[PDB]
Structures are given as structure tokens and as C-alpha cells.
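Engineer: Here it is, the structure in full.
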Amino acid sequence: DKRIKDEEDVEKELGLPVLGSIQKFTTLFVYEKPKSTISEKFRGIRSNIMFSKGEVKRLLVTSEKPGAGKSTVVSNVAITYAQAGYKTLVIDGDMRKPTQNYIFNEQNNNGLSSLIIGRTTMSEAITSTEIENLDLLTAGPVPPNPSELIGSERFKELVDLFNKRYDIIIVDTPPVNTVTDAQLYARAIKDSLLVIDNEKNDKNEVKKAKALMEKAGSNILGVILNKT
Ligand SMILES: Nc1ncnc2c1ncn2[C@@H]1O[C@H](COP(=O)(O)OP(=O)(O)O)[C@@H](O)[C@H]1O
Ligand SMILES: [Mg+2]
């Protein structure tokens with residue numbers, strides 16, 4: 001059996017700390033249901049991100065394969081920062097299958113893709129959410145040339161601008177073994193979390209993703225075990 005099943009599997013096989021476990025189970029739990037056991041676990045993840053580091057100003061969230069729960073982690077972890085009084089920007093950096101816009105119920109007409117090429121403005125592309133201190137930069141329209149936008153100069157410089165006025169930036173991404181989008185993001189965003197599907201995963205896949213992220217220069221803060 002190739003599956004990574006727990007904190008011990010994680011430490012031995014990946015040499016990273018488990019920063020939080022989310023149980024299996026209407027999606028923004030930290031907001032909609034602040035009293036749930038699952039919400040507290042997200043606040044625990046925020047706590048462990050703080051112990052893991054220096055302080056975390058930019059965070060990339062990724063996984064080895066689709067469906068791991070990247071997006072759910074991004075959304076909820078971002079909310080725990082906002083409610084703690086930090087100015088927080090979620091960037092939906094998944095321009096292949098954008099999803100933050102559905103999660104927060106915001107319109108994805110302008111977003112990252114069109115911001116990068118300059119077809120929209122910062123004020124236009126960034127939307128304030130219903131959660132105080134939490135802004136959302138949706139993915140924008142799905143571009144033909146994602147790799148090219150991510151590796152661009154406007155992106156690196158937009159991140160720098162954003163980080164002048166946001167305490168923390170949390171960036172959702174496409175799976176690592178699927179496309180190289182996350183590795184490219186690692187140029188502008190050094191710190192990262194790896195989200196693992198506890199019920200369904202391959203030890204070797206997760207190692208490859210970790211190696212790929214480490215090769216792109218990413219500081220992997222730790223792992224989130226999901227659907228445990
Ligand atoms: N802890 C969990 N328990 C149950 N379902 C989950 C959990 N985390 C994510 N999901 C579900 O799994 C699906 C994929 O999650 P998502 O975060 O969108 O995947 P991705 O890793 O591709 O971003 C979603 O429909 C979501 O509701
Ligand atoms: Mg997703």
C-alpha cells in the first residue's frame with residue numbers, strides 16, 4: 001500500500017510537519033459555522049503556519065493531484081487570518097480551473113489573467129468579500145497561455161505591490177503533477193503548504209510534487225492532511 005495515512009507517514013516519508021488535519025464531511029466553515037470543530041481546526045492550521053516560520057507574508061497552497069482540497073484550504077485559512085484582523089488577499093492562481101469565485105460567490109469577469117496583461121485595473125480586479133479584512137482576486141477568464149502570464153514581469157510586480165498593502169497573501173494553484181503552474185508561482189511566492197488527500201494518495205506522487213516544489217525554490221512550511 002502506497003498511501004500516506006498519518007502524521008507519522010508524513011514525517012518519515014516527506015520530512016515535513018503536519019500543520020493540520022481536516023475531517024471529511026456550505027463550504028466557508030470558518031465564516032458560516034465558526035463554532036464547528038472543523039473551523040477550530042482551520043484556526044489551528046493558522047497557528048501552525050505561524051510556528052512553522054520570520055513571518056508568513058505570501059503563501060502558496062498546492063497538492064500533488066486534483067481534488068485534494070487546495071481550494072477549500074485556501075478559502076478557510078484566509079478567513080482565519082482576516083478575522084484575526086490581518087488585511088488578507090486570496091489570489092485564485094488556478095487559471096485552468098478557477099474556483100475561488102464559486103466558493104465566495106463573486107463574479108469572475110475581471111481577475112488575475114486580465115490584470116496581468118493590463119486589460120483590467122487593480123481596483124477592478126480585486127473584490128472585497130463579505131468577510132471583513134478579506135479581499136479576493138479571482139482568476140479572471142481562462143487564458144490560452146497560463147504559464148506565460150504566471151512567469152511574467154507584471155505578475156512579480158503585482159505581487160510586490162499587493163504585499164505593500166496586504167498583511168498576508170494566500171494563493172490557490174493547480175495541482176503540481178498536473179501542470180507546472182505552482183512551480184512557476186514559486187518565483188514570486190517562496191512559502192508553501194502541501195495539501196494531501198488522506199483517503200486517496202500515492203506516496204511517490206506526493207514526493208515528486210515536494211521535490212518539484214523544492215526544485216522551484218519553494219519553502220514547504222508543512223502538510224495539511226485532508227478528508228481524514
Ligand atoms: N475535508 C473535506 N471533507 C469533505 N469534502 C471535502 C473536504 N475538502 C474538500 N472537499 C470537497 O472535495 C472537492 C474538491 O475540493 P477542492 O478544494 O475544490 O479541490 P482542489 O484540490 O482541486 O482545489 C470539493 O467539492 C470539496 O467540497
Ligand atoms: Mg480547485
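Each chain of the C-alpha cells is named A, B, ... in the order shown, its residues numbered from 1; ligands are numbered from 1 in display order.
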Could you tell me, counting only C-alpha atoms and all ligand atoms, which protein and nucleic acid residues lie no more than 7 Å from ligand 1, written as a ChimeraX atom specification?

Structural biologist: /A:22-25,27,63,66-73,99,226-227

Engineer: List the spatial neighbours of residue A:159 as a PyMOL selection string - criterion: any atom at most 9 Å away, only C-alpha atoms, same-chain residues fewer than 3 positions off excluded.

Structural biologist: chain A and resi 58+154-156+162-164+169+188-189

Engineer: Write out as a PyMOL selection string the residues lying within 10 Å of residue A:17, counting only C-alpha atoms and excluding same-chain residues fewer than 6 positions away.

Structural biologist: chain A and resi 7-8+10-11+48+52+220-224

Engineer: May I have the residues from that selection written out with C-alpha atoms, as a short mmCIF file (atom, residue, chain, number, x, y, z; two decimals), in the first residue's frame?

Structural biologist:
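As written to disk, again.cif reads:
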data_model
loop_
_atom_site.label_atom_id
_atom_site.label_comp_id
_atom_site.auth_asym_id
_atom_site.auth_seq_id
_atom_site.Cartn_x
_atom_site.Cartn_y
_atom_site.Cartn_z
CA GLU A 7 1.45 12.35 10.76
CA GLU A 8 3.97 9.55 11.18
CA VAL A 10 4.23 12.34 6.71
CA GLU A 11 7.35 12.83 8.87
CA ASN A 48 0.87 26.08 12.97
CA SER A 52 6.48 26.84 11.07
CA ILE A 220 7.39 23.98 2.13
CA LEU A 221 6.10 25.00 5.56
CA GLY A 222 4.25 21.73 6.03
CA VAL A 223 1.43 19.45 5.03
CA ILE A 224 -2.34 19.57 5.51
#

Engineer: If we count only C-alpha atoms, what is near stretch 129-141 of chain A at a cut-off of 9 Å, once residues fewer than 2 positions away on the same chain are taken out, given as JSON, numbers by chain?

Structural biologist: {"A": [31, 78, 79, 81, 82, 83, 85, 86, 87, 88, 89, 90, 91, 92, 93, 94, 95, 96, 97, 98, 99, 100, 101, 104, 106, 107, 108, 109, 110, 111, 112, 113, 114, 115, 125, 126, 127, 143]}

Engineer: Rank nothing, just name the residue among A:211, A:74, A:59, A:194 nearest to ligand 2, using only C-alpha atoms and all ligand atoms.

Structural biologist: A:74

Engineer: Would you please work out which residue, of A:41, A:65, A:46, A:12, is nearest to ligand 2 when using only C-alpha atoms and all ligand atoms?

Structural biologist: A:65

Engineer: For ligand 2, which of A:38, A:171, A:216, A:186 is the closest residue, counting only C-alpha atoms and all ligand atoms?

Structural biologist: A:171

Engineer: State, in Å with one decimal place, the distance from atom CA of residue A:202 to atom CA of residue A:181.

Structural biologist: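 A separation of 20.7 Å between them.
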
Engineer: As an MDAnalysis selection string, please: the residues near stretch 175-180 of chain A (cut-off 8 Å, only C-alpha atoms, same-chain neighbours under 5 positions excluded).

Structural biologist: chainID A and resid 62:66 147 205 208:209 212:213

Engineer: Residues of the last selection are to be written out with N, CA and C atoms, as a CSV table (one decimal), in the first residue's frame.

Structural biologist:
chain,number,residue,atom,x,y,z
A,62,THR,N,-0.9,24.2,-2.5
A,62,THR,CA,-0.9,23.3,-3.7
A,62,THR,C,-1.1,21.8,-3.2
A,63,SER,N,-1.0,20.9,-4.1
A,63,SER,CA,-1.2,19.5,-3.9
A,63,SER,C,-0.6,18.7,-5.1
A,64,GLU,N,-0.5,17.4,-4.9
A,64,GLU,CA,0.1,16.6,-6.0
A,64,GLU,C,-0.9,16.3,-7.1
A,65,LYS,N,-2.2,16.1,-6.7
A,65,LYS,CA,-3.2,15.7,-7.7
A,65,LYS,C,-4.5,16.6,-7.5
A,66,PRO,N,-5.3,16.7,-8.6
A,66,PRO,CA,-6.6,17.3,-8.4
A,66,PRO,C,-7.5,16.8,-7.3
A,147,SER,N,1.0,29.6,-18.4
A,147,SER,CA,2.5,29.6,-18.0
A,147,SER,C,3.1,30.9,-18.3
A,205,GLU,N,3.9,10.0,-5.7
A,205,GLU,CA,3.4,11.2,-6.3
A,205,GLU,C,3.6,12.5,-5.4
A,208,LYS,N,7.2,13.4,-5.4
A,208,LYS,CA,7.6,14.1,-6.7
A,208,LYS,C,7.2,15.6,-6.6
A,209,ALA,N,6.0,15.8,-6.2
A,209,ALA,CA,5.4,17.1,-6.0
A,209,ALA,C,6.3,18.0,-5.1
A,212,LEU,N,9.6,18.7,-6.8
A,212,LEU,CA,9.3,19.7,-7.8
A,212,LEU,C,9.2,21.1,-7.2
A,213,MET,N,8.4,21.1,-6.1
A,213,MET,CA,8.3,22.4,-5.4
A,213,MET,C,9.6,22.9,-4.8

Engineer: From the options A:157, A:167, A:124, A:172, which residue's atoms come nearest to residue A:55, counting only C-alpha atoms?

Structural biologist: A:167

Engineer: DSSP says helix (DSSP H, G or I) for which residues of stretch 43-207 of chain A? Put them as number ranges by chain?

Structural biologist: A: 43-52, 70-83, 100-104, 112-117, 122-125, 146-150, 153-165, 181-185, 203-207

Engineer: Let me make sure I understand: among A:191, A:21, A:153, A:146, which one has the smallest atom-to-atom distance to residue A:54 if we use only C-alpha atoms?

Structural biologist: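 The closest residue to residue A:54 is A:191.
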
Engineer: Counting only C-alpha atoms and all ligand atoms, figure out which residue out of A:192, A:75, A:47, A:152 gets nearest to ligand 2.

Structural biologist: A:75
